[PDB]
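Here's the structure we're looking at; comments come further down.
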There are 2 protein chains.
Amino acid sequence: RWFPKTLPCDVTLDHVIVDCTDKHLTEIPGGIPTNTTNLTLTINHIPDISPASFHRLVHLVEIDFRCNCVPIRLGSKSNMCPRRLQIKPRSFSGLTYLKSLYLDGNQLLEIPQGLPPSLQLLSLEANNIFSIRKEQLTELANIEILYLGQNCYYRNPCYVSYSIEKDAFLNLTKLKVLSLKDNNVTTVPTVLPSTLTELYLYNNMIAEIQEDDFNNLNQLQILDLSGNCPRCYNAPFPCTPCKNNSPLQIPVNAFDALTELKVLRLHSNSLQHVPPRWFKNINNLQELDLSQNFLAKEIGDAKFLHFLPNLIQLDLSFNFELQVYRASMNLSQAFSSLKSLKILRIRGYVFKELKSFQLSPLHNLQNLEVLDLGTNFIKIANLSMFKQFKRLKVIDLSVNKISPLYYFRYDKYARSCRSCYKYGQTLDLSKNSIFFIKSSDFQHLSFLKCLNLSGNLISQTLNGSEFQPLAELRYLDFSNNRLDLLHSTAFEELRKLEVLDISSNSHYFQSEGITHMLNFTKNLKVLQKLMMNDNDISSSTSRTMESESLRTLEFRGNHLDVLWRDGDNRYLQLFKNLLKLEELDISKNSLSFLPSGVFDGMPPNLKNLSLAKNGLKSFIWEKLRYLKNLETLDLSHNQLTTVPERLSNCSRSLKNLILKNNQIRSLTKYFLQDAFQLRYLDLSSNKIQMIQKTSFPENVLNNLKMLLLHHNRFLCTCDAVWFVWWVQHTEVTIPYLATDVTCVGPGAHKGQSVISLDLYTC
Amino acid sequence: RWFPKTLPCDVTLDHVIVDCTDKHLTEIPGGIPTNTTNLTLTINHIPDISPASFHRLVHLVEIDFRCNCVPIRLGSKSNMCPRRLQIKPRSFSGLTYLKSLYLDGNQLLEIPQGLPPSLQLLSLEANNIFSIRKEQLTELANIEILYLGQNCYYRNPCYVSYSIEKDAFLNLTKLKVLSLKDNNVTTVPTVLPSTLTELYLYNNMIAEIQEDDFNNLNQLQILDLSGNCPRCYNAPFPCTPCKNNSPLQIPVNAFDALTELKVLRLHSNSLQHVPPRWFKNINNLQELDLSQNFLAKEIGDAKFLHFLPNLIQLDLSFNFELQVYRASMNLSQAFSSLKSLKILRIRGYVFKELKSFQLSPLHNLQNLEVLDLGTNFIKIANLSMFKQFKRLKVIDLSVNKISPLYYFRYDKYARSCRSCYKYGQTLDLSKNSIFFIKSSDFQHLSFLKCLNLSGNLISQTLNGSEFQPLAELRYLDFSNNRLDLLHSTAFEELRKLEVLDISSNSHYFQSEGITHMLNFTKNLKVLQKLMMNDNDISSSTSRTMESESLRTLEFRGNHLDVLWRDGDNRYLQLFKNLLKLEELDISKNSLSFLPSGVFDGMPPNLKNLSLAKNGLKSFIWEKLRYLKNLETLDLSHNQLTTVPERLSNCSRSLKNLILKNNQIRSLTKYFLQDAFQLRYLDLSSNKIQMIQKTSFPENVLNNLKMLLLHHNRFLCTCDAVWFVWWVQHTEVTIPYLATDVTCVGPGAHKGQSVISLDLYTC
RNA sequence: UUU
RNA sequence: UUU
Ligand SMILES: *[C@@H]1O[C@H](CO)[C@@H](O[C@@H]2O[C@H](CO)[C@@H](O)[C@H](O)[C@H]2NC(C)=O)[C@H](O)[C@H]1NC(C)=O
Ligand SMILES: *[C@@H]1O[C@H](CO)[C@@H](O[C@@H]2O[C@H](CO)[C@@H](O)[C@H](O)[C@H]2NC(C)=O)[C@H](O)[C@H]1NC(C)=O
Ligand SMILES: C=CCn1c(=O)n([C@@H]2O[C@H](CO)[C@@H](O)[C@H]2O)c2nc(N)[nH]c(=O)c21
Ligand SMILES: C=CCn1c(=O)n([C@@H]2O[C@H](CO)[C@@H](O)[C@H]2O)c2nc(N)[nH]c(=O)c21
Ligand SMILES: *[C@@H]1O[C@H](CO)[C@@H](O)[C@H](O)[C@H]1NC(C)=O
Ligand SMILES: *[C@@H]1O[C@H](CO)[C@@H](O)[C@H](O)[C@H]1NC(C)=O
Ligand SMILES: *[C@@H]1O[C@H](CO)[C@@H](O)[C@H](O)[C@H]1NC(C)=O
Ligand SMILES: *[C@@H]1O[C@H](CO)[C@@H](O)[C@H](O)[C@H]1NC(C)=O
Ligand SMILES: *[C@@H]1O[C@H](CO)[C@@H](O)[C@H](O)[C@H]1NC(C)=O
Ligand SMILES: *[C@@H]1O[C@H](CO)[C@@H](O)[C@H](O)[C@H]1NC(C)=O
């Protein structure tokens, strides 16, 4: 480079994007390009905005000035904002091309004035604005999107009811989206402009809908009235219900004007009845969320479903009656109306026994993909019943009591300041009480692609006779179980098995004297991936694992340290006969060193090797000559103190060397000499002081995709003159260059960034 | 003190004990007291011993010079010993009073010569000495104890058979203890001096005992011949069996001379028969270890037990037949002979069903205390059977398959280089497959004091009707289960319950929508201690826990960070009504801060409080005024950067302040002013540079039991003059004062210990 | 850093 | 650091 970075911001270029997110700034920086279209300054501590702020920046279409002063309870309690953001007059009115402005999370007291007529989007979430006046909104003639939420709630209280003048929004003739969520609003702020497409009014104090409230809103596609007269039972937040357990009162004709309506969410409204009359003039409804109400009875009746032939998703989760364990699930025949239904969820209805007939109302739903009966405390269920449901993508019985955060969020859509479904048909029996299994349990289920048994009781000496019906099965998640690997024939029946997870089945590996057989993988002739993480495996009766197919083995969280104890050669070839193995994760095996033999004993095609988080205190680098196809080596989070004298005499194939979080204090004189194949190198979080040219030749350095250097101990004396220069001028990506690549001394420069460092005197 | 305090060694004083264990020394230090009786230099890197080594140290009775050069595979692989310890002539022969010498782990090639005639004990374990000659042993006329083991085994191989000359030990007329374990010895080194009391010959290549091998050893109390013709099945180390699965051959009359013999260990000898004839002349046998042999059949017969009326412990663990799941436990009636038996262990016999009668041979054993049938894969057992065994201290069924390292060590006695039994009768059902429970399961067991159900399947909504027979129960370990705390009546039946462990029952706390009732503790009117660690508790339907009795609550590894989320007051009194609570562990709750109300909401008698390992980034010290009985505060492993301006305006009662492992860079000007009650203060592993007198006044400092200062960033300039002086002269214990309390600068003194620092120039 |  |  002719001139160094200097600017503390990622200047991408598409549109000219300047991104100064979380750069510990107290002023907008100098040097921002004149052609800047989008400028982001979110999470900084810039205490004011003036006409100087954006003076030259005439082509700005977007300003993201979020979270420079987030409200006290929302922010960090180490770094509390002492004084609200100040916005002086005239700061925005120069900006003719400005289309989006984001001033959320700045403790603003009022809608900021003097905004340009070009503005289409204004976002003021998480401020202290709880009174909307018509006069304050006339600057927004041309506004289309308006976020006003999260200014009066339990985490950012205003201590009063929210106030919106009569007809405040009406003369916003182009307004499409309006969000007043999380605000302590008491009524729908009539009259609303008919142009509205989305209206978010959830988590508020609206006790009633008047029948003229949505009179003119023909174009409305999304309505959310959730959390008004909330159902408070086991709320993980402060929850005040409406008096007498009352519901949100919605006149039978309240929706008659909403012809175009695609999404209606009535989550947590304490509803007991879903009067069919609501939906008379709503033909095209696609999505209905009725979760967290009191509709256990209404689900038996449910006449309203007769008016919903277009409905793709219906949510009836968490409608149980308190203190009531129903013996079964009374589903309405009405459900058969729901011709278009792709997704149905009925978690938290709370019943003991599921029988095949209770689901009969759904048998003809042609488009049905997802049936979710999770978290129902179901104790009894003949799983063969799902023979009818071969066409379903997912059948979720997760969290039950079978044995042969989302619904409880306050605001799941809240914005920040910053799987095996793809294998085919899936039956999720996770987190259930299944202690024993046998073939009959899976009879008529030969269609299943993924079976999830994670988090059951299964404490069984699997012999190959247990999943015998499941010959289409590609994925078995057997994690968080108590597999007893006595027989090498475990899992051999699953002849189509591509992926097996036996992670966190440590129980029986923790006790001495117990025969385990890790050689069970010869039998599984299509197995691509095996996960046996966190099993505490320190003993094995067989001494090799063999497979012709296995590409990936995750072996983290075991005791290879015991198996490879110095002077015990028995297990040095444990992975040798995994002949296709490209990827081996042996991180967290409390390996303080590697005996000779470990690398010779690796399989031939090893591409990607993780020894992360072991406590490695030493490492013979020369032994990487045995791993002739090695491309990524992960030695992160260890106690290594030195790099090889010559990486090119260790491994000519290595592209990615991860050394972050070690105890390296310098580099060897010719470290990277000749390592032309190297592309990525992470030396971050070490204790390096100096780096000379001999170690980091330009030949090799300038071909790196990335070089990570942050969190070291750089000495910024005139001995550092080459490195400081090189960093300052190189094209090579070096993340955190303007935040965490800093000098620690000498004196003057202590704390100073290497990129700002001007060492004239040399 | 008049003089620092410069020797790098704990000078205890009883006998004058000088201990320089692990002090990174390369020479014996100067200044060792002339009256030194015991000197320890184990784990250092002192490369030789000379007549200078001990010149002045004339009263020495013991030298522990262990592990200054441990063998390559036994030692650290970062810091491998480059060259064996050298012992020059005349180094020991000045020491007239020397009685013990420990030169283990120094890579010595030969028994060191020139030793004094006063010497009673010589230890040479973990060296490279594998040939014993008579000539080399004549210096030891007066030796009583001789450790020669661990010079030829898989971890420290000599590559040949061990050699002992005929009659090598015979002219050691005072020899009592001789250890040749772990040595590749092929025969008992005859003839042995009759004076031998203990003889350790385990883990060797001894295929046969000749009948003259122990002819003259009337005084022998302990014999160990274990691991000779080892049973190699699931050995966690390299194990070579005798050919044809042969046993260690022991002539029927081999023990006839051993009249005094108290302990006989025949562990891992591949024995099939225990011929009664062995024990004909051994009256007083107290301890017999027959574990890891092939005695499944012999246990049915077992005629030899008839000759063992004095036997206190019998071990028959791990004798199962490979590939054989016995339907029951064929115990001999012979067992009834064992009148004196206190402890019996029969782990790893491997059977399916235990019935009450199989134990009938033991019914009259009056002195029986411990019956251990662990690790037997027992699937069925009526636990009421133990009605007969009310007099037993412990009944261990740990590691089984019931549902209504030790035996596998190489050398368990190997030396290093450095519970609820007390409640009464105990039934350990740990690590079993018990999924459901009910009252009948515990019928006739009302005698039990401690029940251990740790590590079962138990996934049940305990209602108070499950342990109803157990009214003497003082201790329930319910850990590593799946408690479902739906009912507040859980555990109320156990009216004598002093201690309850529901730790690591996180399963059902990890899923949303599930009602949990932490208020179950009101009912339990004698409960002293409750452990509910590692439960992931982030949701609770009740908002208080009440108890009149509870002294200790361990709540580590939960989510108080969610329960006390800023702006949610509901849980701020969660512990208030634990009225007798003296001790609260709320470490590992990922608490980045504490909201106001947390300390006002603590119970009145809180004495010690742990907030360790939370990520605390700040802390209002002034709110410790609410904890008027606080005595220990543990804020270790957090991100705190400052201490209070005045600890005495925060808490006048605090005795023990633990601040280790934080980010403190300086102290407040008057930190400890007036804090006369303070006794312990740990400031170790921070980033402190200077400490002035104003912060650490003498009147407060000199009353400390302990002050921890290591692993800081001390700047050793003339500004440090008071602190360097104070550290140098004080009586107050400061651990690691000569190892990890060091200057980091300026220049000259970088790395130097504060205690050696001479500041004349200031 | 003899397990 | 809007969950
Ligand atoms: C939502 O508005 C209500 C009232 O309209 C606020 O509740 C009042 O709070 C003040 C100060 O705490 C009390 O003195 C009053 O008793 C309350 N009035 C009524 C009528 O209930 C509430 O604080 C607002 N919510 C938030 C989160 O700010
Ligand atoms: C124990 O002694 C045997 C000799 O009985 C040693 O085994 C020899 O090892 C060398 C390796 O260099 C072989 O070439 C010999 O042929 C082996 N001989 C036999 C008879 O097995 C053994 O190494 C010794 N054990 C240890 C642990 O040092
Ligand atoms: C087969 C049922 C009981 N069983 C058993 O006899 N054995 C035998 O126990 C011994 C140790 O595993 C061996 O003889 C082995 O074959 C067992 N080993 C394991 N791991 N699990 C069992 O359920 C079990
Ligand atoms: C009691 C039998 C089934 N059951 C139940 O009805 N409930 C009810 O389900 C709802 C959620 O826990 C509540 O109404 C609760 O009372 C349950 N809650 C838990 N935690 N565990 C059960 O086994 C269970
Ligand atoms: C830039 O701004 C426009 C309008 O605000 C927006 O639609 C676009 O996605 C923004 N692009 C980026 C990368 O921020
Ligand atoms: C199985 O269920 C658990 C939830 O209990 C989930 O974490 C996991 O991703 C699921 N497994 C797969 C393969 O989808
Ligand atoms: C697995 O291991 C043992 C040898 O330790 C052997 O008995 C068994 O037959 C092997 N089986 C397979 C399927 O590889
Ligand atoms: C000191 O040495 C004697 C004799 O060698 C020994 O018996 C004694 O226990 C040792 N004491 C201590 C405190 O190490
Ligand atoms: C219960 O059993 C486990 C062994 O599985 C043990 O760790 C624990 O200490 C035992 N509990 C008590 C209270 O002794
Ligand atoms: C608190 O009590 C004592 C200090 O008196 C200490 O031994 C104990 O381990 C401490 N534990 C916790 C959890 O605070």
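First the proteins, then the strands, lettered A, B, ... as listed; each starts at 1.
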Original post:
Between atom CG in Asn128(A) and atom P in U2(D), what is the gap in whole Å?
Top reply: 15 Å
Subject >> Under 4.0 angstrom between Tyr154(A) side-chain N/O and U2(D) OP1 or OP2 >> reply: no
Subject >> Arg66(B) side chain, from C-beta outward: closest of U2(C), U1(C), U3(C) >> reply: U2(C)
Original post:
Does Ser76(B) offer a backbone N or O that forms a donor-acceptor pair with the side chain of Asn79(B) under 3.5 Å?
Top reply: no
Original post:
Where the side chain of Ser76(A) is defined as all heavy atoms beyond and including C-beta, which of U1(D), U2(D), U3(D) is the nearest nucleotide?
Top reply: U1(D)
Subject >> Sugar-phosphate only, base, or nothing, as touched by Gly75(B) at under 4.0 Å among non-hydrogen atoms >> reply: sugar-phosphate
Original post:
Among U1(D), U2(D), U3(C), which nucleotide sits nearest the side chain of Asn79(A)?
Top reply: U1(D)
**OP:** With sequence neighbours excluded, tell me which residues meet side chain to side chain donor-acceptor pair (under 3.5 Å) with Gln292(A).
**Re:** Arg231(A)
**OP:** Among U1(D), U2(C), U2(D), find the nucleotide with the atom closest to the side chain of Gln150(A).
**Re:** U2(D)
**OP:** Apply side chain to side chain donor-acceptor pair (under 3.5 Å) to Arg73(A) and list each qualifying residue two or more places apart in sequence or on a separate chain.
**Re:** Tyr159(A)
Subject >> Atom-pair distance (CG on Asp411(B); P on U2(C)), nearest Å >> reply: 12 Å
Original post:
Under 4.0 Å between a side-chain N/O of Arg73(A) and OP1 or OP2 of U1(D), yes or no?
Top reply: no
Subject >> Nucleotide nearest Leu74(B) when distance is taken to its side chain, options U1(C), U2(C), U2(D) >> reply: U2(C)
Original post:
Just to confirm, is there a sub-4.0 Å distance from OP1 or OP2 of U3(C) to any side-chain nitrogen or oxygen of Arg565(A)?
Top reply: yes
Subject >> Protein-nucleotide distance (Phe130(A), atom CZ; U2(D), atom P), rounded to Å >> reply: 21 Å
Original post:
Do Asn183(A) and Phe130(A) come within less than 4.5 Å of each other through their side chains, counting heavy atoms only?
Top reply: no
**OP:** Among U3(D), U1(C), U3(C), find the nucleotide with the atom closest to the side chain of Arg409(A).
**Re:** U3(D)
Subject >> Sugar-phosphate, base or nothing in reach of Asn68(B), heavy atoms under 4.0 Å >> reply: nothing
Original post:
Could you give the CG-to-P distance, from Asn156(A) to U2(D), as a whole number of Å?
Top reply: 12 Å
Original post:
Distance-only, no hydrogens or angles: does the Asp568(A) side chain make a donor-acceptor pair with backbone N or O of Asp566(A) under 3.5 Å?
Top reply: no
**OP:** For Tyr153(A), report the nucleic acid contact type (base, sugar-phosphate, nothing); a contact means any heavy atom under 4.0 Å.
**Re:** sugar-phosphate
Original post:
Over how many whole Å does the gap from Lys23(B) atom NZ to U1(C) atom P extend?
Top reply: 18 Å
